[PDB]
Structure formats: C-alpha cells, structure tokens
Amino acid sequence: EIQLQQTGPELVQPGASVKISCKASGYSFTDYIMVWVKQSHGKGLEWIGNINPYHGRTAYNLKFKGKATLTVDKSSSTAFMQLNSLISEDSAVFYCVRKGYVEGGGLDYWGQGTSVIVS
Amino acid sequence: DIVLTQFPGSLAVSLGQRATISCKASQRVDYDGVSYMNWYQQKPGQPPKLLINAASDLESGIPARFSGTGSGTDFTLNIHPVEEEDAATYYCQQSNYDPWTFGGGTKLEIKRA
C-alpha cells in the first residue's frame with residue numbers, strides 16, 4: 001500500500017505564506033515524481049506542478065508560477081510545497097499525488113489533502 | 001496547453017442503464033499508438049480515485065462495468081450497468097504535454113423510484 005500522509009489544516013492571514021508537507025511510504029521515494037493539485041471549493045481540480053525527488057527537478061503550471069515552490073527531502077521521504085503572497089482566493093484543498101513516470105504514467109495514489117484557509 | 005472539455009457537466013441515469021461521459025481534448029494526446037488519457041472518480045469529502053489510465057486500462061480493483069475508449073482528441077468513459085455507488089463526479093486528465101490538465105468534471109446522478 002502506498003501512503004501519502006499530508007500535514008494538517010492551516011488558517012493563514014493574507015499576505016503571508018504556508019508550507020504544507022506530505023510524507024511518502026510504500027515504495028522507493030525517488031522512483032516517482034510528486035505532483036500537487038489545488039482542489040478549490042466545490043469545483044474541479046487544478047494542477048500545480050511536479051517534482052522529481054531524485055534530482056530535485058521541477059516543472060510548474062504557469063498559473064501557479066511564483067506562488068508555489070516545490071521541494072523534497074530524501075532522508076525523510078517528504079515532499080513539501082510553499083505558497084506565498086497568500087490571499088482569499090488561495091483558500092482551497094491541496095493534494096500531493098505520486099506519478100509513475102517509469103511505471104505506466106498514472107497518478108496512482110493521492111494523499112487525503114490539506115485545507116488552507118486564508119482569512 | 002491542451003485543454004480538456006467534459007460534456008455534459010451533470011448527468012442523471014437510471015439504475016442498470018448505461019452512462020456515457022465524454023471528454024474532448026484540444027489537441028491530440030496520442031503518441032506511439034498510446035493515448036495518454038486518464039480517468040478519476042471523486043466522491044464528496046474524498047480525494048480523487050484512479051479508474052482508468054492510458055485510455056483503456058482498468059486499474060486493479062476497479063469493477064469491470066467501467067470502461068474507457070477513444071484516441072486522438074475524443075474520449076469517453078462508459079459505465080454499464082450503472083449502480084448506486086457510482087454516484088460521484090468523474091474527471092479526465094491528459095499527460096501528453098505540460099502542463100498536465102484535467103477536464104471540468106461531470107457529476108453523475110442515479111434515477112430511482
């Protein structure tokens with residue numbers, strides 16, 4: 001079983017920045033890319049960007065460029081993402097999901113998600 | 001980027017009937033005979049669940065009443081026969097080019113007595 005433990009819920013004041021995380025387990029961490037998604041309230045999902053945990057490589061959706069930064073820490077198998085310049089519209093649920101690039105190309109396992117409230 | 005469009009946005013089908021969910025890509029997502037279209041299911045208060053990858057591959061553990069077909073820019077997800085636990089929202093997602101993108105989603109409702 002693959003496991004994606006994300007950090008807990010956050011309430012943040014506008015203008016500042018949160019830094020959610022997501023611990024993986026159930027497979028070798030560096031084998032697959034970690035992708036992040038914004039599930040705004042009562043709507044469809046939005047891709048934010050992926051990161052190769054091996055070399056730290058990164059690629060972002062442009063609508064979220066400059067807002068979210070993806071990082072990784074191999075020794076503790078955790079992928080963290082940071083959001084800055086937070087505002088009312090950033091209020092949403094953020095998931096981390098694993099993507100098997102060399103396995104068959106699917107975002108197989110998602111984490112439960114993190115609820116960030118900006119207010 | 002390749003935009004995905006799902007039609008319709010809401011659908012109501014009777015138990016035992018066939019539900020067909022469409023997904024249109026703005027550009028082809030094929031490569032080497034392999035369509036990079038995935039389908040996910042999302043029930044309220046839950047993270048999305050993978051149903052089919054690469055257009056037509058059913059992920060293990062997923063009931064065989066679900067099937068996916070299509071190539072190029074036209075894709076459909078079929079559920080036949082539809083059951084009650086199939087009430088949920090379904091999203092398509094392509095992985096051909098960057099950025100990776102999802103369709104708007106289609107909410108399926110079951111018609112009963």
# chains A, B, ... in the order shown; residues from 1 in each chain; ligands from 1

$ select_by_dssp --residues "chain B" --states "strand (DSSP E or B)" --output "mmCIF file with N, CA, C and O atoms, in the first residue's frame"
data_model
loop_
_atom_site.group_PDB
_atom_site.id
_atom_site.type_symbol
_atom_site.label_atom_id
_atom_site.label_comp_id
_atom_site.auth_asym_id
_atom_site.auth_seq_id
_atom_site.Cartn_x
_atom_site.Cartn_y
_atom_site.Cartn_z
ATOM 1 N N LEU B 4 -8.952 20.238 -21.840
ATOM 2 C CA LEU B 4 -9.899 19.135 -21.889
ATOM 3 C C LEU B 4 -11.284 19.687 -21.569
ATOM 4 O O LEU B 4 -11.432 20.523 -20.675
ATOM 5 N N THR B 5 -12.300 19.215 -22.277
ATOM 6 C CA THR B 5 -13.654 19.707 -22.059
ATOM 7 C C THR B 5 -14.573 18.511 -21.861
ATOM 8 O O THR B 5 -14.636 17.622 -22.712
ATOM 9 N N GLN B 6 -15.274 18.469 -20.741
ATOM 10 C CA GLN B 6 -16.173 17.346 -20.480
ATOM 11 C C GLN B 6 -17.629 17.733 -20.666
ATOM 12 O O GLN B 6 -18.065 18.796 -20.212
ATOM 13 N N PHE B 7 -18.374 16.853 -21.328
ATOM 14 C CA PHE B 7 -19.793 17.100 -21.541
ATOM 15 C C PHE B 7 -20.586 15.848 -21.165
ATOM 16 O O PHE B 7 -20.202 14.732 -21.532
ATOM 17 N N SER B 10 -23.435 17.615 -15.887
ATOM 18 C CA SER B 10 -24.258 16.849 -14.950
ATOM 19 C C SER B 10 -25.026 15.813 -15.767
ATOM 20 O O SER B 10 -25.388 16.083 -16.916
ATOM 21 N N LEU B 11 -25.283 14.642 -15.196
ATOM 22 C CA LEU B 11 -25.980 13.599 -15.942
ATOM 23 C C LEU B 11 -26.809 12.777 -14.968
ATOM 24 O O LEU B 11 -26.348 12.497 -13.868
ATOM 25 N N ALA B 12 -28.016 12.398 -15.358
ATOM 26 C CA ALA B 12 -28.871 11.584 -14.499
ATOM 27 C C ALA B 12 -29.241 10.331 -15.282
ATOM 28 O O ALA B 12 -29.766 10.423 -16.396
ATOM 29 N N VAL B 13 -28.937 9.166 -14.719
ATOM 30 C CA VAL B 13 -29.166 7.905 -15.421
ATOM 31 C C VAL B 13 -29.891 6.929 -14.503
ATOM 32 O O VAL B 13 -29.723 6.997 -13.291
ATOM 33 N N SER B 14 -30.688 6.027 -15.065
ATOM 34 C CA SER B 14 -31.438 5.059 -14.262
ATOM 35 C C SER B 14 -30.597 3.823 -13.966
ATOM 36 O O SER B 14 -29.747 3.445 -14.773
ATOM 37 N N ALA B 19 -24.213 4.828 -18.732
ATOM 38 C CA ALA B 19 -23.848 6.230 -18.624
ATOM 39 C C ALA B 19 -22.626 6.434 -19.501
ATOM 40 O O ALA B 19 -21.674 5.652 -19.431
ATOM 41 N N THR B 20 -22.652 7.461 -20.339
ATOM 42 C CA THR B 20 -21.507 7.727 -21.202
ATOM 43 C C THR B 20 -21.019 9.140 -20.908
ATOM 44 O O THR B 20 -21.785 10.100 -21.024
ATOM 45 N N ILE B 21 -19.760 9.265 -20.509
ATOM 46 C CA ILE B 21 -19.205 10.577 -20.193
ATOM 47 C C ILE B 21 -18.152 10.939 -21.222
ATOM 48 O O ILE B 21 -17.204 10.185 -21.445
ATOM 49 N N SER B 22 -18.313 12.088 -21.849
ATOM 50 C CA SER B 22 -17.373 12.469 -22.896
ATOM 51 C C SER B 22 -16.301 13.452 -22.450
ATOM 52 O O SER B 22 -16.495 14.246 -21.525
ATOM 53 N N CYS B 23 -15.166 13.401 -23.135
ATOM 54 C CA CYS B 23 -14.043 14.270 -22.803
ATOM 55 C C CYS B 23 -13.350 14.627 -24.113
ATOM 56 O O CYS B 23 -12.963 13.755 -24.891
ATOM 57 N N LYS B 24 -13.201 15.908 -24.379
ATOM 58 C CA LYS B 24 -12.626 16.332 -25.649
ATOM 59 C C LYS B 24 -11.324 17.050 -25.360
ATOM 60 O O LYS B 24 -11.260 17.926 -24.508
ATOM 61 N N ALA B 25 -10.284 16.681 -26.067
ATOM 62 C CA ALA B 25 -9.004 17.346 -25.885
ATOM 63 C C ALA B 25 -8.898 18.387 -26.970
ATOM 64 O O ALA B 25 -9.533 18.269 -28.015
ATOM 65 N N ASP B 30 -2.177 11.622 -28.380
ATOM 66 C CA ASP B 30 -1.676 10.307 -28.762
ATOM 67 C C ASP B 30 -0.159 10.401 -28.897
ATOM 68 O O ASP B 30 0.377 11.481 -29.124
ATOM 69 N N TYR B 31 0.512 9.261 -28.802
ATOM 70 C CA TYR B 31 1.949 9.210 -29.013
ATOM 71 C C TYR B 31 2.221 7.718 -29.121
ATOM 72 O O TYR B 31 2.041 6.998 -28.145
ATOM 73 N N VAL B 34 -0.486 5.316 -28.263
ATOM 74 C CA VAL B 34 -0.797 5.216 -26.846
ATOM 75 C C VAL B 34 -1.466 6.529 -26.517
ATOM 76 O O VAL B 34 -0.889 7.600 -26.689
ATOM 77 N N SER B 35 -2.712 6.462 -26.115
ATOM 78 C CA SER B 35 -3.405 7.688 -25.762
ATOM 79 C C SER B 35 -3.187 7.915 -24.279
ATOM 80 O O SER B 35 -3.405 7.029 -23.456
ATOM 81 N N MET B 37 -4.698 9.350 -21.789
ATOM 82 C CA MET B 37 -5.867 9.924 -21.120
ATOM 83 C C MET B 37 -6.170 9.116 -19.865
ATOM 84 O O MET B 37 -6.209 7.894 -19.895
ATOM 85 N N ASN B 38 -6.384 9.763 -18.740
ATOM 86 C CA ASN B 38 -6.660 9.020 -17.518
ATOM 87 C C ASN B 38 -8.026 9.464 -17.025
ATOM 88 O O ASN B 38 -8.504 10.528 -17.426
ATOM 89 N N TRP B 39 -8.645 8.658 -16.170
ATOM 90 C CA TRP B 39 -9.968 8.988 -15.646
ATOM 91 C C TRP B 39 -9.959 8.764 -14.136
ATOM 92 O O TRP B 39 -9.430 7.759 -13.651
ATOM 93 N N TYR B 40 -10.553 9.698 -13.401
ATOM 94 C CA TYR B 40 -10.581 9.603 -11.945
ATOM 95 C C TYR B 40 -12.027 9.776 -11.476
ATOM 96 O O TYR B 40 -12.846 10.381 -12.172
ATOM 97 N N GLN B 41 -12.326 9.259 -10.292
ATOM 98 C CA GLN B 41 -13.664 9.375 -9.728
ATOM 99 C C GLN B 41 -13.506 10.097 -8.402
ATOM 100 O O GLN B 41 -12.549 9.854 -7.675
ATOM 101 N N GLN B 42 -14.416 10.984 -8.062
ATOM 102 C CA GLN B 42 -14.299 11.684 -6.792
ATOM 103 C C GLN B 42 -15.653 11.790 -6.112
ATOM 104 O O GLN B 42 -16.593 12.392 -6.647
ATOM 105 N N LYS B 49 -9.988 9.220 -7.138
ATOM 106 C CA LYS B 49 -9.596 7.816 -7.193
ATOM 107 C C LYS B 49 -9.311 7.463 -8.651
ATOM 108 O O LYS B 49 -10.059 7.864 -9.540
ATOM 109 N N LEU B 50 -8.242 6.733 -8.926
ATOM 110 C CA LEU B 50 -7.914 6.391 -10.315
ATOM 111 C C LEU B 50 -8.777 5.233 -10.813
ATOM 112 O O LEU B 50 -8.904 4.210 -10.137
ATOM 113 N N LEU B 51 -9.352 5.397 -12.004
ATOM 114 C CA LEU B 51 -10.209 4.363 -12.571
ATOM 115 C C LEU B 51 -9.513 3.720 -13.766
ATOM 116 O O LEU B 51 -9.376 2.493 -13.822
ATOM 117 N N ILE B 52 -9.115 4.542 -14.739
ATOM 118 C CA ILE B 52 -8.501 4.022 -15.965
ATOM 119 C C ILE B 52 -7.303 4.891 -16.344
ATOM 120 O O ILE B 52 -7.347 6.113 -16.194
ATOM 121 N N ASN B 53 -6.232 4.265 -16.820
ATOM 122 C CA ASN B 53 -5.061 5.008 -17.257
ATOM 123 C C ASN B 53 -4.783 4.603 -18.693
ATOM 124 O O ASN B 53 -5.190 3.524 -19.124
ATOM 125 N N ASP B 57 -7.033 1.260 -19.842
ATOM 126 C CA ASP B 57 -6.549 0.254 -18.899
ATOM 127 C C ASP B 57 -7.253 0.438 -17.569
ATOM 128 O O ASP B 57 -7.132 1.483 -16.933
ATOM 129 N N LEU B 58 -7.984 -0.580 -17.159
ATOM 130 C CA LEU B 58 -8.697 -0.530 -15.885
ATOM 131 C C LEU B 58 -7.691 -0.827 -14.791
ATOM 132 O O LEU B 58 -6.967 -1.819 -14.854
ATOM 133 N N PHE B 66 -16.849 -0.518 -15.658
ATOM 134 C CA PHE B 66 -16.254 0.735 -16.119
ATOM 135 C C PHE B 66 -15.359 0.419 -17.311
ATOM 136 O O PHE B 66 -14.612 -0.563 -17.282
ATOM 137 N N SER B 67 -15.391 1.253 -18.344
ATOM 138 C CA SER B 67 -14.513 1.034 -19.489
ATOM 139 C C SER B 67 -14.231 2.378 -20.141
ATOM 140 O O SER B 67 -15.031 3.308 -20.032
ATOM 141 N N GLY B 68 -13.093 2.500 -20.802
ATOM 142 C CA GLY B 68 -12.766 3.767 -21.447
ATOM 143 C C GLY B 68 -12.340 3.488 -22.872
ATOM 144 O O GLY B 68 -11.780 2.423 -23.148
ATOM 145 N N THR B 69 -12.635 4.408 -23.784
ATOM 146 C CA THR B 69 -12.271 4.200 -25.183
ATOM 147 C C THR B 69 -11.926 5.552 -25.803
ATOM 148 O O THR B 69 -12.176 6.605 -25.204
ATOM 149 N N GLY B 70 -11.370 5.523 -27.009
ATOM 150 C CA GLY B 70 -11.071 6.775 -27.702
ATOM 151 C C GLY B 70 -9.611 6.883 -28.124
ATOM 152 O O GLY B 70 -8.770 6.076 -27.709
ATOM 153 N N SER B 71 -9.321 7.886 -28.953
ATOM 154 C CA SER B 71 -7.953 8.124 -29.400
ATOM 155 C C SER B 71 -7.949 9.483 -30.089
ATOM 156 O O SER B 71 -8.999 9.964 -30.529
ATOM 157 N N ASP B 74 -10.805 12.478 -28.974
ATOM 158 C CA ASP B 74 -12.133 12.128 -28.457
ATOM 159 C C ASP B 74 -12.095 10.921 -27.531
ATOM 160 O O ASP B 74 -11.586 9.856 -27.898
ATOM 161 N N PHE B 75 -12.620 11.087 -26.318
ATOM 162 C CA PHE B 75 -12.547 10.009 -25.330
ATOM 163 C C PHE B 75 -13.866 9.915 -24.577
ATOM 164 O O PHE B 75 -14.580 10.910 -24.416
ATOM 165 N N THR B 76 -14.216 8.707 -24.147
ATOM 166 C CA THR B 76 -15.470 8.509 -23.423
ATOM 167 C C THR B 76 -15.203 7.533 -22.289
ATOM 168 O O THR B 76 -14.331 6.665 -22.399
ATOM 169 N N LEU B 77 -15.966 7.671 -21.217
ATOM 170 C CA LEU B 77 -15.883 6.736 -20.109
ATOM 171 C C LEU B 77 -17.269 6.123 -20.105
ATOM 172 O O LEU B 77 -18.260 6.847 -20.213
ATOM 173 N N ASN B 78 -17.353 4.809 -20.032
ATOM 174 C CA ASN B 78 -18.650 4.150 -20.063
ATOM 175 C C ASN B 78 -18.859 3.356 -18.789
ATOM 176 O O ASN B 78 -17.943 2.688 -18.302
ATOM 177 N N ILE B 79 -20.069 3.437 -18.256
ATOM 178 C CA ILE B 79 -20.419 2.647 -17.088
ATOM 179 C C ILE B 79 -21.697 1.939 -17.480
ATOM 180 O O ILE B 79 -22.698 2.587 -17.803
ATOM 181 N N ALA B 88 -21.204 10.001 -8.316
ATOM 182 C CA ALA B 88 -19.975 10.708 -7.983
ATOM 183 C C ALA B 88 -19.658 11.650 -9.129
ATOM 184 O O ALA B 88 -20.478 11.804 -10.039
ATOM 185 N N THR B 89 -18.484 12.272 -9.081
ATOM 186 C CA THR B 89 -18.070 13.200 -10.133
ATOM 187 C C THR B 89 -16.879 12.552 -10.838
ATOM 188 O O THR B 89 -16.046 11.925 -10.184
ATOM 189 N N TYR B 90 -16.794 12.669 -12.157
ATOM 190 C CA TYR B 90 -15.721 11.993 -12.890
ATOM 191 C C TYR B 90 -14.904 13.027 -13.662
ATOM 192 O O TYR B 90 -15.476 13.951 -14.238
ATOM 193 N N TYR B 91 -13.579 12.887 -13.668
ATOM 194 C CA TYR B 91 -12.718 13.854 -14.356
ATOM 195 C C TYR B 91 -11.763 13.122 -15.307
ATOM 196 O O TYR B 91 -11.251 12.049 -14.979
ATOM 197 N N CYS B 92 -11.491 13.702 -16.471
ATOM 198 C CA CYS B 92 -10.487 13.119 -17.361
ATOM 199 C C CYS B 92 -9.226 13.947 -17.181
ATOM 200 O O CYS B 92 -9.303 15.071 -16.684
ATOM 201 N N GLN B 93 -8.077 13.418 -17.566
ATOM 202 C CA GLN B 93 -6.824 14.149 -17.373
ATOM 203 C C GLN B 93 -5.854 13.648 -18.433
ATOM 204 O O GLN B 93 -5.794 12.453 -18.694
ATOM 205 N N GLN B 94 -5.108 14.526 -19.074
ATOM 206 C CA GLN B 94 -4.175 14.066 -20.100
ATOM 207 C C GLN B 94 -2.769 14.228 -19.580
ATOM 208 O O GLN B 94 -2.510 15.065 -18.716
ATOM 209 N N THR B 101 -3.285 18.583 -17.438
ATOM 210 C CA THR B 101 -4.540 19.312 -17.284
ATOM 211 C C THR B 101 -5.682 18.328 -17.079
ATOM 212 O O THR B 101 -5.604 17.179 -17.523
ATOM 213 N N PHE B 102 -6.734 18.808 -16.417
ATOM 214 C CA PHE B 102 -7.910 17.981 -16.131
ATOM 215 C C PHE B 102 -9.125 18.619 -16.797
ATOM 216 O O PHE B 102 -9.121 19.815 -17.103
ATOM 217 N N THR B 106 -17.707 15.825 -14.522
ATOM 218 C CA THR B 106 -19.114 15.575 -14.816
ATOM 219 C C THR B 106 -19.729 14.889 -13.601
ATOM 220 O O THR B 106 -19.229 13.857 -13.154
ATOM 221 N N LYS B 107 -20.794 15.460 -13.057
ATOM 222 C CA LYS B 107 -21.455 14.864 -11.899
ATOM 223 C C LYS B 107 -22.514 13.879 -12.372
ATOM 224 O O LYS B 107 -23.386 14.243 -13.158
ATOM 225 N N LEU B 108 -22.456 12.645 -11.895
ATOM 226 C CA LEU B 108 -23.429 11.630 -12.309
ATOM 227 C C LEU B 108 -24.440 11.390 -11.187
ATOM 228 O O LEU B 108 -24.067 11.195 -10.028
ATOM 229 N N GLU B 109 -25.721 11.372 -11.530
ATOM 230 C CA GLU B 109 -26.773 11.154 -10.546
ATOM 231 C C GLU B 109 -27.578 9.928 -10.965
ATOM 232 O O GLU B 109 -27.804 9.705 -12.157
ATOM 233 N N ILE B 110 -28.014 9.142 -9.990
ATOM 234 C CA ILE B 110 -28.791 7.943 -10.292
ATOM 235 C C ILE B 110 -30.283 8.239 -10.161
ATOM 236 O O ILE B 110 -30.721 8.855 -9.189
ATOM 237 N N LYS B 111 -31.067 7.794 -11.128
ATOM 238 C CA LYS B 111 -32.507 7.993 -11.098
ATOM 239 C C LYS B 111 -33.117 6.725 -10.535
ATOM 240 O O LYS B 111 -32.841 5.629 -11.038
#

$ residues_around --residues "range 70-72 of chain A" --least-positions-apart "3" --cutoff "10 Å" --atoms "only C-alpha atoms" --output "ChimeraX atom specification"
/A:19,21-23,29-30,34-36,48-60,75-83

$ write_last_selection --atoms "N, CA and C atoms" --output "mmCIF file, in the first residue's frame"
data_model
loop_
_atom_site.group_PDB
_atom_site.id
_atom_site.type_symbol
_atom_site.label_atom_id
_atom_site.label_comp_id
_atom_site.auth_asym_id
_atom_site.auth_seq_id
_atom_site.Cartn_x
_atom_site.Cartn_y
_atom_site.Cartn_z
ATOM 1 N N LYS A 19 3.430 26.375 4.403
ATOM 2 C CA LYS A 19 4.431 25.450 3.874
ATOM 3 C C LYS A 19 4.027 24.002 4.212
ATOM 4 N N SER A 21 3.300 19.888 3.847
ATOM 5 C CA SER A 21 4.208 18.769 3.556
ATOM 6 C C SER A 21 3.370 17.521 3.240
ATOM 7 N N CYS A 22 4.080 16.410 3.062
ATOM 8 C CA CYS A 22 3.440 15.177 2.619
ATOM 9 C C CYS A 22 4.471 14.046 2.669
ATOM 10 N N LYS A 23 4.383 13.189 3.676
ATOM 11 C CA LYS A 23 5.330 12.088 3.817
ATOM 12 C C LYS A 23 4.878 10.856 3.053
ATOM 13 N N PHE A 29 11.069 6.340 -2.681
ATOM 14 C CA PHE A 29 10.584 7.711 -2.832
ATOM 15 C C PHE A 29 11.084 8.333 -4.124
ATOM 16 N N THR A 30 12.289 7.972 -4.526
ATOM 17 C CA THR A 30 12.908 8.685 -5.638
ATOM 18 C C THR A 30 12.477 8.101 -6.966
ATOM 19 N N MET A 34 6.394 13.679 -7.699
ATOM 20 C CA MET A 34 5.311 14.016 -6.781
ATOM 21 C C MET A 34 4.632 15.199 -7.441
ATOM 22 N N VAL A 35 3.330 15.122 -7.596
ATOM 23 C CA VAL A 35 2.584 16.156 -8.299
ATOM 24 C C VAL A 35 1.635 16.772 -7.285
ATOM 25 N N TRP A 36 1.373 18.063 -7.410
ATOM 26 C CA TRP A 36 0.477 18.746 -6.464
ATOM 27 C C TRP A 36 -0.760 19.300 -7.179
ATOM 28 N N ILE A 48 -0.706 21.919 -10.179
ATOM 29 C CA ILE A 48 0.179 22.980 -9.740
ATOM 30 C C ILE A 48 1.599 22.765 -10.229
ATOM 31 N N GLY A 49 2.081 21.536 -10.244
ATOM 32 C CA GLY A 49 3.462 21.333 -10.685
ATOM 33 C C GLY A 49 3.955 19.985 -10.180
ATOM 34 N N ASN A 50 5.026 19.464 -10.753
ATOM 35 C CA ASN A 50 5.553 18.186 -10.288
ATOM 36 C C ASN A 50 6.997 18.398 -9.858
ATOM 37 N N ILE A 51 7.587 17.395 -9.229
ATOM 38 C CA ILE A 51 8.993 17.492 -8.865
ATOM 39 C C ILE A 51 9.542 16.085 -8.955
ATOM 40 N N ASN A 52 10.724 15.959 -9.514
ATOM 41 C CA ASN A 52 11.409 14.679 -9.471
ATOM 42 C C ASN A 52 12.187 14.715 -8.169
ATOM 43 N N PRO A 53 11.900 13.794 -7.264
ATOM 44 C CA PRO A 53 12.540 13.744 -5.951
ATOM 45 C C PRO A 53 14.000 13.301 -6.010
ATOM 46 N N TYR A 54 14.415 12.800 -7.157
ATOM 47 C CA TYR A 54 15.785 12.330 -7.319
ATOM 48 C C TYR A 54 16.699 13.538 -7.434
ATOM 49 N N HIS A 55 16.449 14.432 -8.378
ATOM 50 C CA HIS A 55 17.466 15.454 -8.624
ATOM 51 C C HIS A 55 16.862 16.786 -8.279
ATOM 52 N N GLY A 56 15.650 16.744 -7.785
ATOM 53 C CA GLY A 56 15.044 17.973 -7.283
ATOM 54 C C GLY A 56 14.378 18.731 -8.417
ATOM 55 N N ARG A 57 14.308 18.095 -9.579
ATOM 56 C CA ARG A 57 13.892 18.813 -10.788
ATOM 57 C C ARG A 57 12.449 19.246 -10.635
ATOM 58 N N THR A 58 12.019 20.248 -11.370
ATOM 59 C CA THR A 58 10.718 20.803 -11.044
ATOM 60 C C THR A 58 10.098 21.371 -12.296
ATOM 61 N N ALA A 59 8.783 21.314 -12.372
ATOM 62 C CA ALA A 59 8.115 21.935 -13.504
ATOM 63 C C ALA A 59 6.766 22.399 -13.002
ATOM 64 N N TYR A 60 6.395 23.614 -13.357
ATOM 65 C CA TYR A 60 5.192 24.203 -12.776
ATOM 66 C C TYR A 60 4.159 24.520 -13.839
ATOM 67 N N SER A 75 16.175 12.014 2.739
ATOM 68 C CA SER A 75 16.401 11.304 4.008
ATOM 69 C C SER A 75 15.120 11.010 4.789
ATOM 70 N N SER A 76 14.131 11.899 4.712
ATOM 71 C CA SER A 76 12.887 11.658 5.422
ATOM 72 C C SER A 76 11.713 11.460 4.471
ATOM 73 N N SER A 77 11.980 11.225 3.193
ATOM 74 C CA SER A 77 10.931 10.949 2.211
ATOM 75 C C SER A 77 9.723 11.871 2.317
ATOM 76 N N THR A 78 9.948 13.181 2.277
ATOM 77 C CA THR A 78 8.830 14.107 2.411
ATOM 78 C C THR A 78 8.916 15.138 1.309
ATOM 79 N N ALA A 79 7.771 15.463 0.729
ATOM 80 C CA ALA A 79 7.724 16.469 -0.318
ATOM 81 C C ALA A 79 6.951 17.636 0.255
ATOM 82 N N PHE A 80 7.550 18.806 0.261
ATOM 83 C CA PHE A 80 6.848 19.950 0.811
ATOM 84 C C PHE A 80 6.604 20.998 -0.253
ATOM 85 N N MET A 81 5.523 21.735 -0.103
ATOM 86 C CA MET A 81 5.222 22.814 -1.031
ATOM 87 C C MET A 81 4.952 24.109 -0.275
ATOM 88 N N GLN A 82 5.426 25.226 -0.824
ATOM 89 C CA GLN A 82 5.225 26.508 -0.163
ATOM 90 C C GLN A 82 4.402 27.474 -1.001
ATOM 91 N N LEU A 83 3.471 28.164 -0.349
ATOM 92 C CA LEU A 83 2.625 29.121 -1.055
ATOM 93 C C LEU A 83 2.787 30.505 -0.424
#

$ residues_around --residues "residue 15 in chain A" --least-positions-apart "6" --cutoff "7 Å" --atoms "only C-alpha atoms" --output "list in words"
residues 85, 86 and 87 of chain A

$ write_last_selection --atoms "N, CA and C atoms" --output "mmCIF file, in the first residue's frame"
data_model
loop_
_atom_site.group_PDB
_atom_site.id
_atom_site.type_symbol
_atom_site.label_atom_id
_atom_site.label_comp_id
_atom_site.auth_asym_id
_atom_site.auth_seq_id
_atom_site.Cartn_x
_atom_site.Cartn_y
_atom_site.Cartn_z
ATOM 1 N N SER A 85 2.453 35.027 -0.705
ATOM 2 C CA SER A 85 1.585 36.094 -1.195
ATOM 3 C C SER A 85 0.151 35.620 -1.085
ATOM 4 N N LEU A 86 -0.132 34.834 -0.054
ATOM 5 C CA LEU A 86 -1.446 34.221 0.081
ATOM 6 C C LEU A 86 -2.561 35.246 0.121
ATOM 7 N N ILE A 87 -3.709 34.879 -0.432
ATOM 8 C CA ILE A 87 -4.840 35.796 -0.481
ATOM 9 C C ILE A 87 -6.100 34.958 -0.435
#

$ closest_residue --among "A:28, A:6, A:61, A:13" --to "residue 94 in chain A" --atoms "only C-alpha atoms"
A:6

$ residues_around --residues "residue 41 in chain A" --least-positions-apart "4" --cutoff "12 Å" --atoms "only C-alpha atoms" --output "list in words"
residues 45, 46, 89, 90, 91, 92, 93, 94, 115, 116 and 117 of chain A; 44 and 45 of chain B

$ decode --residues "range 93-106 of chain A" --atoms "N, CA, C and O atoms" --output "short mmCIF file (atom, residue, chain, number, x, y, z; two decimals), in the first residue's frame"
data_model
loop_
_atom_site.label_atom_id
_atom_site.label_comp_id
_atom_site.auth_asym_id
_atom_site.auth_seq_id
_atom_site.Cartn_x
_atom_site.Cartn_y
_atom_site.Cartn_z
N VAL A 93 -8.24 23.20 -1.15
CA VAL A 93 -7.64 21.97 -0.64
C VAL A 93 -6.48 21.60 -1.52
O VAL A 93 -6.58 21.62 -2.74
N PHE A 94 -5.37 21.24 -0.93
CA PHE A 94 -4.20 20.94 -1.74
C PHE A 94 -3.81 19.48 -1.55
O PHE A 94 -3.58 19.03 -0.42
N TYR A 95 -3.72 18.73 -2.64
CA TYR A 95 -3.32 17.33 -2.57
C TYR A 95 -1.90 17.14 -3.13
O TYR A 95 -1.45 17.93 -3.96
N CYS A 96 -1.21 16.09 -2.66
CA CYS A 96 0.08 15.69 -3.24
C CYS A 96 -0.26 14.32 -3.81
O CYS A 96 -1.00 13.57 -3.15
N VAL A 97 0.12 13.97 -5.03
CA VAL A 97 -0.19 12.68 -5.58
C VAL A 97 1.08 12.21 -6.27
O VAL A 97 1.91 13.06 -6.60
N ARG A 98 1.30 10.91 -6.36
CA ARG A 98 2.53 10.31 -6.84
C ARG A 98 2.28 9.96 -8.30
O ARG A 98 1.16 9.58 -8.64
N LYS A 99 3.28 10.08 -9.15
CA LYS A 99 3.06 9.87 -10.58
C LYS A 99 4.13 8.90 -11.01
O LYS A 99 5.32 9.12 -10.77
N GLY A 100 3.74 7.82 -11.64
CA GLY A 100 4.72 6.81 -12.00
C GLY A 100 5.20 7.05 -13.42
O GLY A 100 4.58 6.57 -14.36
N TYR A 101 6.31 7.74 -13.58
CA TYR A 101 6.75 8.11 -14.92
C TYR A 101 7.25 6.84 -15.60
O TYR A 101 6.98 6.58 -16.77
N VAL A 102 7.92 6.00 -14.84
CA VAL A 102 8.54 4.84 -15.48
C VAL A 102 7.75 3.61 -15.07
O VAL A 102 8.29 2.51 -14.93
N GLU A 103 6.47 3.79 -14.83
CA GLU A 103 5.72 2.64 -14.36
C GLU A 103 4.48 2.49 -15.21
O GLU A 103 3.94 1.40 -15.36
N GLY A 104 3.99 3.58 -15.77
CA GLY A 104 2.83 3.39 -16.63
C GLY A 104 2.04 4.67 -16.72
O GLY A 104 1.05 4.78 -17.44
N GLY A 105 2.51 5.68 -16.02
CA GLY A 105 2.07 7.03 -16.36
C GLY A 105 0.76 7.37 -15.67
O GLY A 105 -0.13 7.97 -16.27
N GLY A 106 0.61 7.02 -14.41
CA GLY A 106 -0.65 7.34 -13.78
C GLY A 106 -0.35 8.00 -12.45
O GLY A 106 0.67 7.70 -11.83
#
